[PDB]
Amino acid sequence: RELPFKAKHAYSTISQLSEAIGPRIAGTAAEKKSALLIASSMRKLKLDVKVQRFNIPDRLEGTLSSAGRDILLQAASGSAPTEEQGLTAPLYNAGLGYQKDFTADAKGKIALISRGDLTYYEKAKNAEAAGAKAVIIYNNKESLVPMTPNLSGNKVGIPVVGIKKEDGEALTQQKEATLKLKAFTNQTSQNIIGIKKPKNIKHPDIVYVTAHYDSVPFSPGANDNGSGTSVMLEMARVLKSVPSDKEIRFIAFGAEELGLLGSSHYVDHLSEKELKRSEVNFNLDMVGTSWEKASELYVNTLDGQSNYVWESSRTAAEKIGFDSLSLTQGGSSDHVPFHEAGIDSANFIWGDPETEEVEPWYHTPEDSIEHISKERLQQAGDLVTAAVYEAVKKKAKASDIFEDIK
């Protein structure tokens, strides 16, 4: 059968999301505007479309200064704001943030910590235990943007922020610093669900095609993950006119970038009946990098072991002629909550054949449509669409859930 996946359509969707809208941070106006775009797209494809709203943590932002210097920061989700006048307090140097590195002198001061070795969380918990009024973590690597001190789901009682490598270096030689952090409450995000259901099958098996549509601050998020969203959407368009006894649910997950908040919410609200019908989840996340070195398509499963998604993909590979496909282990996308629920899932993503890793632009302002390979969208598309055809035709640790936690 003819499966006319058009990568140009996908490419046009990457543009709508990453240029017309731009960065789509979870909970913000641009994420909400993207949801409207995707909902609209789905309906035209003649899917039954619902929008699922869920709450997410408070949003933090603010400012840091010391002596004359204003310093761009990224606040950590789930941490504490300062009062409107702000927090001014001495700068204590904790080095790497081991409990050992905290003299009694740290009590009442802002703990300034270097990146590396410890999880950002253990840095802050160790600081708060030692009497720190707040925590600043600076990058140990070069960067265009302040690092995000991801606290991996944990709630901390003091302010925790991340800043660029150089700024933190200038900080170790200052006496004090002034932090102003305000918490935006009642934040929400949403999943956009579009269902293609067989009109006379009762309690049909459910197949999930998914991709998250939010991105990290300052990133246009063209490949992470406008690409996945885009391929998923085009696949719904091709599969629109193919007969199936399976109930197929195409979903764009929101707020993945805060710790799989969309998919977890979604899976959690599946009924026990629906869980028992759920067959398989194909998740698309980073399937368009033009990074020349990234030519191996990886199929990630939370336990590294084969399952139905893998089985279908391997088969579709042989059918289409595609040698660069590999099973491997990997969490940190929206396939993970499905796995935790018992449902065969896998996340598709490009990677370097040698070292497995992803482009250097990932999570930076350079994650732009300029680094989207139209060819690589086509390969991933043609592969996943075939795999899905094959299907429908007639607890995890913090490190497997979150991204960038140290």
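Numbers for residues come from their place in the sequence shown, where the first is 1.
- In this entry, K394 and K395 are separated by 10 or more residues of the deposited sequence that lack coordinates.
- Look at the C-alpha B-factors of 304 to 312 and of 252 to 260. On average they run higher in 304 to 312.
- The PDB entry records a higher mean C-alpha B factor for 122 to 130 than for its counterpart among 191 to 199 and 122 to 130.
- Per the PDB entry, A294 shows the highest C-alpha temperature factor of the residues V336, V280, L284, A294.
- Between the residues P220, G331, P243, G288, it is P243 that shows the highest Cα B-factor in the PDB record.
- Ranked by Cα temperature factor within the chain, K44 sits in the middle third according to the deposited record.
- Ranked within its chain, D344 lands in the lowest third, by CA B factor from the PDB record.
- Ranked within its chain, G381 lands in the middle third, by CA B factor from the PDB record.
- Among all modelled residues in its chain, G62 ranks in the middle third by Cα B-factor.
- Ranked within its chain, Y208 lands in the lowest third, by CA B factor from the PDB record.
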